[PDB]
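# Geometric and topological summary
Each chain, written out:
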Amino acid sequence: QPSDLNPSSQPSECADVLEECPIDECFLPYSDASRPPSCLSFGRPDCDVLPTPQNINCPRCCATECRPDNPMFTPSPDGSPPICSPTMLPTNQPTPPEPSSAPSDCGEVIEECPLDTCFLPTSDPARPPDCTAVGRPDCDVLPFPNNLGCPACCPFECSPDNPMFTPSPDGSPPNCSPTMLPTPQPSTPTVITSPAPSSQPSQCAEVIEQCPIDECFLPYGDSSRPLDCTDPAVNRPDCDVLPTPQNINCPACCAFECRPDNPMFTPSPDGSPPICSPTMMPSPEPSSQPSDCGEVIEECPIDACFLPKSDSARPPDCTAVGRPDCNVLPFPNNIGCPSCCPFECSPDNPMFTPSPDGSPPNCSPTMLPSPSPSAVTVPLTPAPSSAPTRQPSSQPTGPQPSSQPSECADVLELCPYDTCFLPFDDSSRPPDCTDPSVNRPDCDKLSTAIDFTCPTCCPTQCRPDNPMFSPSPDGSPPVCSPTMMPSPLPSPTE
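Residues numbered from 1 in each chain as written, not as in the entry; some residues may be left out. Heavy atoms only, no water.

Method information in the entry identifies solution NMR as the source of the structure.

In structure tokens, the structure reads:
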């Protein structure tokens, strides 16, 4: 490395050396690669004549004369340490100072030779080691011996406290900014979407983190509380005892037991709406008064009179029935008042709106209006009703006799009185035409305008519920009416 930017070789090209016209001053290190041409391509023999004019022609080429055969190509990043002109006049940039790197990180940049100059930063991916570090004690010396031991590892000393091991940018908490912001895994403080417990008091009081309290670690049955110490939780069975003695082997964990109710109540960081127990004691049945509009607020009537007035219109206000004694708001009740309240308060005090929803109290109960106007909105001026007004008419059908037991026995309609020849409910009178199929299956439902030519048999069928089987020879002879053969129309019988 020494004799670095000091060219120890200059007298070679021109009878001047340590000073050649090219350099970046010319246009790049000249012998870089494909820099602007040595003037002949522009035909400029004026350009960069021995000194450097750039005040005559010079479009953009560099160097004429100076050295033997000034046009040159076939490049090289080391073609020429300057040897002819550039040094003629002193003050040519040698180099800035030595330390290009100063304490800025934490300990990567602290006079430490490792940096990357060795072979990468020491803690990067486990770079080639520090020699002695593998067994090269020859290379324990800072100046590189490279004359016996050193394979290709780095030496030692350099700066105070030289033992170092453990690489990887993430091998350890690097500190000095990278590690500044903690983000724990159990209790992650990033945003925190809702309280940690999303399910605890789902029964009432069973599963409610029944152990921590800040005295142990973290809020009253929060959820995010440390492990229960005892081995299944971490490794501390000493803290098995729920009431934490503190003076025992509880390092950073909380007490055990916990789950099935041993001694505690109240979970979550901020608790919860206490419907399960802390609410049992306070019980204000009347916790509000104005449900009326403006009368139920320390007004002369109130339930204090007798019931919330609008109930069923509570007992009258004395003068209201004729007790002017009680008209005096200060209540006498030693003169009149049989069982009533006073009067006045404001002109004409007793009456309005009983039945809580059986009247429109208004100004709270009745608030949402739904009166009557549906398809009708006629204040004064009418409108020709034209709506889908479909509504059938209630019209029954079926002849309903409103008098039956009226003639003699049971019936009244035209059909009865013995002339069927004996009562049907006797034992057996002339057959029922249709029923056993004897002569006339046609003589069935009374007849009317069909015909009446039923001869040998009796139609019988008159009176709802007329079929019978096993008549009654000791029942009751219905000769007076329910018996006769129906005979619609006088019937000429021809």
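To continue, consider the overall build of the chain. In terms of regular secondary structure, the chain is built from 2 helices and 0 strands. Relative to its length of 494 residues, the chain is extended, with a C-alpha radius of gyration of 61 Å against a globular reference of 23 Å. Counting all 494 residues of the chain, 24% fall into the buried class. Carbon and sulfur atoms provide 57% of the accessible area of the chain, an area that totals close to 34800 Å². If you average the places of the 17 positive and of the 64 negative side-chain charges in the chain, the two averages end up 9 Å apart. (Helix = DSSP H or I, 4+ residues; strand = E, 2+ residues; numbered from the N terminus. Rg over C-alpha atoms; globule rule 2.2 N^0.38 Å. Buried < 20%, exposed > 50% of the residue type's maximum accessible area, 1.4 Å probe, protein only. Areas by Shrake-Rupley, 256 points an atom, 1.4 Å probe, with all protein chains shown as cover. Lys, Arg positive; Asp, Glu negative; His and termini not counted. Charge placed at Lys NZ, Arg CZ, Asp CG, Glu CD.)

The backbone phi angle of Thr-179 is positive, close to 135 degrees, even though this residue is not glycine. Of note, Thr-179 is situated in the loop between α1 (23–27) and α2 (302–306). Judged by relative accessible area, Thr-179 falls into the partly exposed class, the value being 42%. Its identity is not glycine, yet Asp-348 carries a phi of approximately 60 degrees, on the positive side. Inspection of the secondary structure puts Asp-348 in the segment after α2. Take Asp-348: its relative accessible area is 65%, and that puts it in the exposed class.

The next thing to look at is the environment of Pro-464. Inspection of the secondary structure puts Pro-464 in the segment after α2. The class of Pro-464 is exposed, set by a relative accessible area of 65%. For the pair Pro-464 and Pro-243, spaced 221 residues apart in the sequence, the C-alpha separation amounts to 91 Å.

With that settled, the discussion passes to the packing of aromatic side chains. Scanning the entire structure with this criterion turns up 0 aromatic pairs. The ring of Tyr-30 is capped by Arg-35, whose NZ or CZ atom sits 4.8 Å from the centre of that ring. (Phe/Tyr/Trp six-rings, centres within 6.5 Å; stacked < 30°, edge-to-face > 60°. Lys NZ or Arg CZ within 6 Å of the ring centre and 35° of its normal.)

Moving on: a nonpolar patch on the surface. Nonpolar side chains collect at one region of the surface, where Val-49, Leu-50, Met-88 and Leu-89 lie side by side and expose about 330 Å² of accessible area between them. Here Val-49 is to be found in the loop between α1 and α2. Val-49 gets classed as partly exposed once you look at its relative accessible area, which sits at 31%. (Patch = residues over 30% accessible without salt bridge, like charges linked within 9 Å, V, L, I, M, F, W, Y side chains within 5 Å. Salt bridge = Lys/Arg side-chain N within 4 Å of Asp/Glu carboxyl O.)

All right, on to the environment of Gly-149 then. Take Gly-149: it is sitting in the loop between α1 and α2. It is 148 Å that separates the C-alpha atoms of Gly-149 and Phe-452, two residues lying 303 residues apart in sequence. Beyond its immediate sequence surroundings of up to four residues, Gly-149 is in contact with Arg-136, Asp-138 and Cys-139. (Contact = heavy atoms within 4.5 Å.)

Take the nonpolar core next. Core analysis: the largest hydrophobic core is formed by 10 residues, namely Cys-14, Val-17, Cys-21, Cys-26, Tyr-30, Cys-62, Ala-63, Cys-66, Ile-83 and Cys-84. Discounting residues that sit within four places of it in the chain, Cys-62 has contacts with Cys-26, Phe-27, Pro-37, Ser-38, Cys-39 and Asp-48. (Core = buried A, V, L, I, M, F, W, Y, C linked by side-chain atoms within 4.5 Å.)

With that out of the way, let us pick up the environment of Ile-275. Position of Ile-275 relative to the elements: it lies in the loop between α1 and α2. Overall, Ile-275 belongs to the exposed group, its relative accessible area being 73%. Residues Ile-275 and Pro-201, 74 residues apart in the sequence, show an inter-C-alpha distance of 10.0 Å.

Right, let's talk about the state of the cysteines for a bit. The tally for this structure, following the rule as stated, stands at 25 disulfides. One disulfide bridge connects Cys-26 with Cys-62, the sulfur atoms lying 2.0 Å from each other. Measuring handedness by torsion sign, the sulfur bridge of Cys-26 and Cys-62 sits at about -135 degrees and is left-handed. Of this pair, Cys-26 sits in helix α1 while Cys-62 is found in the loop between α1 and α2, placing the two residues 36 residues apart along the sequence. In this structure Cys-26 comes out as buried when scored by relative accessible area, which is 5%. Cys-305 shares a disulfide with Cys-341; S-S distance 2.0 Å. An S-S torsion of about 125 degrees defines the bridge between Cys-305 and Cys-341 as right-handed. Placement of the pair is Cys-305 in helix α2 and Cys-341 in the segment after α2, with a sequence separation of 36 residues. (Disulfide = S-S within 2.5 Å.)

On the surface, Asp-105, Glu-108, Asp-116 and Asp-124 cluster together into a negatively charged patch. Positionally, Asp-116 belongs in the loop between α1 and α2. With a relative accessible area of 53%, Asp-116 lands in the exposed category.

As assigned here, the chain comprises domain 1 (1–94), domain 2 (104–163), domain 3 (203–274), domain 4 (307–355) and domain 5 (411–460 + 476–489). When each unit is reduced to the centre of its C-alpha atoms, the spacing between domain 4 and domain 5 is 78 Å. (Domains from an automatic or database assignment.)

Along the chain, the position of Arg-440 falls in the segment after α2. By relative accessible area, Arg-440 is classed as buried at 16%. A distance of 3.0 Å separates the side chain of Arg-440 from the side chain of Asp-451, its partner in a polar contact. With residues up to four places along the chain from it excluded, the contact list for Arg-440 reads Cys-433, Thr-434, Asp-451, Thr-453, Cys-454, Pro-455 and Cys-457. (Polar contact = N/O pair within 3.5 Å; in protein donor to acceptor, adjacent residues only side chain to side chain.)

This part is about the side chain of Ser-268. Within the secondary structure, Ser-268 sits in the loop between α1 and α2. Leave out the neighbours within four places in its chain, and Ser-268 touches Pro-197, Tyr-220, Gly-221 and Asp-222.

A word on the pattern of salt bridges. Close approach of charged atoms allows side chains with opposite charge to pair. Enumeration according to the criterion identifies 12 salt bridges in this entry. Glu-20 is the partner of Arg-67 in a salt bridge, and the nearest nitrogen-oxygen pair spans 2.7 Å. Taken together, the residues span a long stretch of sequence, with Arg-67 in the loop between α1 and α2 and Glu-20 in the segment before α1 at a distance of 47 residues. According to the relative accessible area criterion, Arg-67 is buried, its value standing at 16%.

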